Amino acid sequence: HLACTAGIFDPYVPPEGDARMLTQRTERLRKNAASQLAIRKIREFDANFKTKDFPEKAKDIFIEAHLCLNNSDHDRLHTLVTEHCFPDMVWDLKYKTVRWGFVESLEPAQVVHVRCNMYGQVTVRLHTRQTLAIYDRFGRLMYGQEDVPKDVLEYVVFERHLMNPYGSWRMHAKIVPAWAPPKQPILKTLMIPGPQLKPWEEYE
Amino acid sequence: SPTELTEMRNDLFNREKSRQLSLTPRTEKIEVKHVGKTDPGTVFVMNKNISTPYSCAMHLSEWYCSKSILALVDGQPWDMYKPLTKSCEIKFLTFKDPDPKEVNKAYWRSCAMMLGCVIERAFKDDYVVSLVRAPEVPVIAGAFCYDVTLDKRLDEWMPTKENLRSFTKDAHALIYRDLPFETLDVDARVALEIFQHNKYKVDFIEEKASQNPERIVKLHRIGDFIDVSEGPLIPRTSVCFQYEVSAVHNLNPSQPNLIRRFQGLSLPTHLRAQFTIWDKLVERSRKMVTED
Amino acid sequence: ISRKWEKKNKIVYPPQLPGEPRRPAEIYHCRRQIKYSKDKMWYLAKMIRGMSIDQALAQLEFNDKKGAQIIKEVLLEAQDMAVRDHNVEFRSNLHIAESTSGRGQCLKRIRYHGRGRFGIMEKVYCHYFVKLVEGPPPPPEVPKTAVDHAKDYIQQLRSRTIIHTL
Amino acid sequence: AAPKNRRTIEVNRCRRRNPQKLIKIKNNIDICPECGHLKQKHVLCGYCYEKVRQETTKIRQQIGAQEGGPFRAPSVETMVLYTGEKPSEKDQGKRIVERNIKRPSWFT
Amino acid sequence: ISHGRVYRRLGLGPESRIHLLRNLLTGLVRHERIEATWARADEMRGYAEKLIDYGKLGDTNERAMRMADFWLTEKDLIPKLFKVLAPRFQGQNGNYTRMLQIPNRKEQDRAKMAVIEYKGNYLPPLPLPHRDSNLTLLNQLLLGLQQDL
Ligand SMILES: [Zn+2]
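Reading the values: the criteria
Residues numbered from 1 in each chain as written, not as in the entry; some residues may be left out. Chains lettered and ligands numbered in written order. Part of a larger assembly, values for the part shown. Heavy atoms only, no water. Helix = DSSP H or I, 4+ residues; strand = E, 2+ residues; numbered from the N terminus. Rg over C-alpha atoms; globule rule 2.2 N^0.38 Å. Buried < 20%, exposed > 50% of the residue type's maximum accessible area, 1.4 Å probe, protein only. Contact = heavy atoms within 4.5 Å. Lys, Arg positive; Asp, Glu negative; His and termini not counted. Charge placed at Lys NZ, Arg CZ, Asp CG, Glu CD. Buried area = accessible area lost by both parts, 1.4 Å probe. Salt bridge = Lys/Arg side-chain N within 4 Å of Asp/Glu carboxyl O. Polar contact = N/O pair within 3.5 Å; in protein donor to acceptor, adjacent residues only side chain to side chain. Nonpolar A, V, L, I, M, F, W, Y, C, P; charged D, E, K, R; others polar. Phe/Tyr/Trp six-rings, centres within 6.5 Å; stacked < 30°, edge-to-face > 60°. Pairing = 2+ DSSP bridges. Axes fitted to C-alpha atoms, helices over the stretch in contact; angles between N-to-C directions. Core = buried A, V, L, I, M, F, W, Y, C linked by side-chain atoms within 4.5 Å. Disulfide = S-S within 2.5 Å. UniProt positions renumbered as here; feature names shortened; annotations may be inferred.

**Overview of the overall build of chain D**
(1) Moving on: A count of helices and strands for chain D gives two helices and four strands.
(2) Moving on: Ordered by position from N to C terminus, the α and β elements of chain D give α-β-β-α-β-β.
(3) Moving on: For a compact globule of 108 residues, the expected C-alpha radius of gyration is about 13 Å, and chain D comes in at 27 Å, more than 25% above that figure.
(4) Moving on: Here chain D, with 108 residues, has 31% of them falling under the buried criterion.
(5) Moving on: Partitioning the contacts of chain D with sequence separation of at least 6, the portion at a separation of at least 24 is 20%.
(6) Moving on: Positive and negative charge centroids in chain D, built from 24 and 11 side chains respectively, lie 18 Å apart.

**Observations concerning the interface of chain B and chain C**
(1) Moving on: At the interface, six residues of chain B touch seven residues of chain C.
(2) Moving on: Both faces combined, the contact of chain B with chain C buries some 690 Å², and carbon together with sulfur accounts for 51% of it.
(3) Moving on: On the chain B side of the contact with chain C, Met58(B), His59(B) and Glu62(B) bury the most area, a combined 73% of that side's loss.
(4) Moving on: In this structure, the connection of chain B to chain C is made through zero salt bridges.
(5) Moving on: The interface formed by chain B and chain C holds four residue pairs in polar contact in total.
(6) Moving on: Residues that form the side of chain B that touches chain C fall into these classes: two nonpolar, three polar and one charged.

**Topic: the packing of aromatic side chains**
Residue and element names in this part refer to chain B.
(1) Moving on: This model, assessed by the stated rule, comprises 20 aromatic pairs over all chains.
(2) Moving on: Aromatic side chains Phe 123 and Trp 157 sit 5.1 Å apart centroid to centroid with 75° between the ring planes, which places their arrangement in the edge-to-face category. Of this pair, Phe 123 sits in the loop between α4 (101–122) and β6 (129–133) while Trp 157 sits in the loop between β7 (144–150) and α5 (161–177), placing them 34 residues apart in sequence.
(3) Moving on: Classification of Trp 157 by relative accessible area gives partly exposed; the value is 27%.

**Examining the sheet that holds strand β5 (residues 89–93) of chain B**
Across a sheet, paired strands are connected by hydrogen bonds in the backbone, their directions being either parallel or antiparallel.
(1) Moving on: Read across the sheet, six strands follow the order β5(A)-β2(B)-β1(B)-β5(B)-β3(B)-β4(B) without closing on themselves; strand pairing throughout is mixed. For this open sheet the edge positions go to β5 (191–192) of chain A together with β4 (76–79) of chain B, each flanked by a neighbour on one side alone.
(2) Moving on: For β5(A) and strand β2 (residues 43–47) of chain B, the ladder comprises two bridges, and the chain directions are antiparallel. If you follow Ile192(A) over to β2(B), its bridge partner there is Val43(B).
(3) Moving on: The sheet strands contacting helix α2 (residues 53–60) of chain B are β2, β3 (70–73), β4 and β5 of chain B, and the helix crosses β2(B) at an angle near 135°.

**Considering the nonpolar core**
(1) Moving on: By size, the foremost hydrophobic cluster in this structure holds 55 residues, and its most contacted members are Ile222(B) and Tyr243(B).
(2) Moving on: Mapped onto this core, the elements with two or more residues apiece are α4, β7, α5, β11 (240–250), β12 (258–268) and α8 (275–284) of chain B together with α5 (137–148) of chain E.
(3) Moving on: Sorting elements by how many residues they give to this core places α4(B) first, with twelve residues.
(4) Moving on: Apart from residues no more than four positions distant in its own chain, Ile222(B) is found in contact with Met113(B), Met114(B), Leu174(B), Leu179(B), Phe181(B) and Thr237(B).

**Concerning the environment of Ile30(B)**
Residue and element names in this part refer to chain B.
(1) Moving on: Mapping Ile 30 onto the fold places it in strand β1 (residues 29–34).
(2) Moving on: Judged by its relative accessible area of 7%, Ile 30 is buried.
(3) Moving on: Counting along the chain gives 57 residues from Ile 30 to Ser 87, while the straight-line C-alpha distance between them is 4.6 Å.

**A word on the sheet that holds strand β10 (residues 225–228) of chain B**
Residues and elements named next belong to chain B.
(1) Moving on: Spatially, β8-β9-β10 is the arrangement adopted by the three strands of the open sheet, whose pairing is antiparallel. Here the strands that pair on one side only, and so sit at the sheet edges, are β8 (182–187) and β10. Along the sheet, successive strands turn relative to each other by an average axial angle of 30°, direction set aside.
(2) Moving on: Where β8 meets strand β9 (residues 216–222), six bridges bridge the pair, whose relative direction is antiparallel. In the strand pairing of β9, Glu 182 is matched with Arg 221.
(3) Moving on: Along the sheet, α4 makes contact with β9 and β10, crossing β10 at roughly 135°.

**A closer look at the state of the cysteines**
(1) Moving on: A full pass over the atoms with the stated rule returns one disulfide over all chains.
(2) Moving on: Across the disulfide from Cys35(D) sits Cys45(D); the S-S distance is 2.4 Å. Measuring the twist about the S-S bond at about 135°, one finds the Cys35(D)-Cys45(D) disulfide to be right-handed. Separated by ten residues along the polypeptide, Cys35(D) in the loop between β1 (29–31) and β2 (38–40) and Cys45(D) in the loop between β2 and α2 (47–67) bring together distant segments of the chain.
(3) Moving on: Here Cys35(D) falls in the buried class, since its relative accessible area comes to 15%.
(4) Moving on: According to the relative accessible area criterion, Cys45(D) is buried, its value standing at 7%.
(5) Moving on: This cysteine, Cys111(B), is not joined by any disulfide, and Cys240(B) carries the nearest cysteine sulfur, 4.2 Å off.

**Quick word on the UniProt feature "binding site: Zn(2+)" in chain D**
All names here are of chain D.
(1) Moving on: As annotated in UniProt, the feature "binding site: Zn(2+)" corresponds to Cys 32, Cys 35, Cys 45 and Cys 48 in the numbering used here. Spanning 17 residues, the named residues form one tight spatial group whose C-alpha atoms are at most 9.1 Å apart.
(2) Moving on: With near-sequence residues (within four places) excluded, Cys 45 lies in contact with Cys 32, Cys 35 and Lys 39.
(3) Moving on: Mapped onto the elements, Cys 48 comes out in helix α2.

**Quick look at the pattern of salt bridges**
Close approach of charged atoms allows side chains of opposite charge to pair.
All names here are of chain A.
(1) Moving on: Under the criterion given, the structure shown has 50 salt bridges over all chains.
(2) Moving on: Of the charged contacts in the structure, one is a salt bridge between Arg 30 and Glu 27, with a shortest N-O distance of 3.0 Å. Remark: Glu 27 and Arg 30 occur in helix α1 (residues 24–45); sequence separation between them is three residues, near one turn of the helix.
(3) Moving on: Owing to a relative accessible area of 61%, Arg 30 belongs among the exposed residues under this scheme.
(4) Moving on: With relative accessibility at 26%, the residue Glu 27 sits in the partly exposed group.

Dropping the structure here:
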């Protein structure tokens with residue numbers, strides 16, 4: 001049984017300078033031709049789905065999901081996110097302790113584009129400052145700063161199974177814009193191994 | 001008192017270190033590819049201005065750390081402990097290289113600097129001793145030479161055989177203490193202040209500043225002792241295994257001050273010598289060495 | 001059968017506080033089933049105790065015993081996971097904190113003889129335990145000098161208390 | 001004659017842990033400059049010797065095919081030539097072995 | 001009790017030692033490079049050197065022909081000794097054979113291994129040890145002493 005589908009039905013293309021930017025909201029109205037028919041499909045099963053008010057509900061799930069990581073609330077996190085999202089979030093955090101906090105959001109969240117036997121997928125735009133610090137099994141710090149805020153802009157996709165009566169909005173994936181800055185480097189150092197050769201072979 | 005000079009000299013060395021550290025914010029990753037003959041092509045991502053060649057040797061194996069005395073960064077000789085600066089190609093130099101002439105000079109310079117440290121602390125604080133310079137002589141000469149100027153009160157004093165043995169004991173204690181060689185590149189203006197009292201050191205600092213376009217000069221510190229260096233020095237004092245103060249020769253035209261050139265020989269742990277061979281080398285190292 | 005050595009690798013320490021030194025890494029590795037005598041293997045374990053990772057590996061490469069080859073293989077596996085999973089930066093910065101061998105489940109058979117006699121045949125198996133601590137081997141102990149011995153003897157005499165007296 | 005009593009582990013432990021019975025460390029370990037691998041001071045390198053021994057078999061395999069029969073050892077001197085190398089006048093009157101590979105750097 | 005002994009005890013008897021040495025000598029001549037146990041290789045090194053002298057003596061020598069036939073089971077080698085090995089070593093006065101230590105066999109017996117080869121052969125050069133260069137610091141110090149002397 002699958003309650004989510006990997007990938008995005010229609011990939012929204014973020015425009016450079018959107019962070020600087022009413023305005024963008026009108027662009028959705030201009031682009032409602034592509035998305036409003038999709039919005040109707042979510043509305044048909046729900047009828048309370050509005051692009052203006054959806055981000056608040058989605059934002060709570062996104063923030064809550066990250067909070068579960070601090071407490072390792074795997075059971076809670078499963079409900080918050082779809083099955084596709086969960087493996088990425090927690091697999092690499094095994095035997096690690098992370099302190100995550102949410103600073104005030106820089107800009108209000110707004111729905112960006114939606115494209116759904118029926119899995120409604122809604123793209124949301126979020127810019128928020130957060131704090132991250134990950135430590136080793138021994139407690140040694142390996143990544144992030146305990147009390148320094150980092151401003152991150154990302155687009156988050158939630159997915160709900162419209163057909164199922166029990167279907168609910170769960171985070172499915174995050175769309176990363178190319179203009180987004182690179183992630184912070186790790187504290188530890190890595191080594192790129194040299195070419196491996198047999199005794200007969202010689203270095204080149 | 002000489003102790004007062006060391007205290008202030010040490011502070012300026014410490015403050016300069018802090019300024020350079022503060023100058024670099026955060027850890028910047030630099031891709032350094034290994035161009036050394038052995039294990040070529042390995043690329044390490046290291047922290048800029050923090051990571052040193054010794055860290056890379058630790059990454060590979062303990063053999064590299066023990067056998068690596070110097071590093072060739074982009075074809076340039078770098079100290080094993082000098083923090084890296086940028087992405088580059090690194091190769092490790094050992095005492096058994098086919099052409100150790102570059103390696104020999106660094107050992108030659110370090111031994112001369114170590115000898116200078118012994119002279120200043122060998123005498124009692126009552127006496128006044130000023131170091132003039134470390135003459136550069138070829139290894140073929142058979143001894144490394146350090147020039148020092150004594151006070152008029154010592155014009156009639158010459159070291160005896162027991163006194164020479166005492167100097168080796170002080171030098172041997174330094175080797176046993178195993179003090180790593182600190183390295184700082186400092187501008188002439190700050191260096192002149194650090195060595196303002198010793199007029200002879202002032203001119204030597206000026207010469208190095210004159211050669212390079214900037215005023216940056218190479219300063220090396222062994223614990224409290226600090227001195228200028230013509231080039232790269234040994235990472236630690238423990239490298240030397242045999243050490244001897246062969247003889248001291250007083251320069252004839254030494255009216256304003258008594259300029260003495262001290263002769264010594266040293267051998268690294270990697271290259272030990274037979275007792276008979278060492279005795280002959282010491283005998284051959286007791287002859288005045290001129291600069292040609 | 002007990003496999004607590006593996007569980008020692010699953011221990012997770014609490015997050016280190018700001019006022020705490022960087023915790024040295026500890027790695028426990030073992031091979032539970034080895035067709036080798038524990039007593040014979042112990043000889044190898046005893047010598048390598050306290051030595052560096054590189055020095056122990058170098059000695060094993062030139063060792064004639066079969067167990068030594070097994071020990072080197074065990075050492076290499078432990079080192080690989082240490083960098084892969086325990087965030088070890090420098091491979092050379094490892095030393096042998098502990099090395100010991102234990103008994104393993106054996107097999108029992110009857111040893112026939114040509115003259116109607118029989119014997120007890122056993123297929124011996126053993127376990128091998130090693131703990132690796134990141135960093136160079138600790139400096140060796142310095143034997144006490146004569147002066148140190150005399151000072152303690154005088155100190156011991158002073159420390160003496162009168163027995164069975166008011 | 002059988003033991004009069006069981007030998008205590010403590011007595012047994014001392015016997016096996018006596019320095020004479022313990023395994024001794026070796027200080028003759030050396031490095032191979034050619035391969036960068038370990039070797040003993042009185043023992044040759046093996047990583048490079050692996051190339052030499054295998055190359056000998058390859059050269060010998062070429063020799064065996066050329067001879068084509070047992071008891072065919074030539075009465076004249078033999079030489080080995082690799083691709084890109086042409087026989088010289090001095091090579092006249094000598095068995096010539098042709099190797100498809102180029103002249104190895106180590107081999108001269 | 002091996003004081004004053006000048007002969008190794010190999011094979012199942014003195015005749016076997018000669019036959020085993022004969023087999024080793026025949027194999028070495030055919031291939032010019034053979035790997036064997038150090039003890040056996042050392043014993044056979046002297047025999048190989050003397051054989052080259054017999055080849056140098058000349059083909060017409062009746063004793064050499066008898067010696068060559070006995071030691072070399074394969075008769076195709078007899079022309080080779082007089083026409084290949086002997087001409088090659090004419091300039092040399094000795095030291096025709098080079099014997100070096102090889103890492104011990106990892107065959108559960110840890111036998112001491114050595115390689116014996118004929119010098120001047122066409123086989124690839126063995127990895128011989130190279131002495132330290134005079135450019136080393138210690139040698140340079142000795143060079144200064146030499147110049148002074
Ligand atoms: Zn090699």
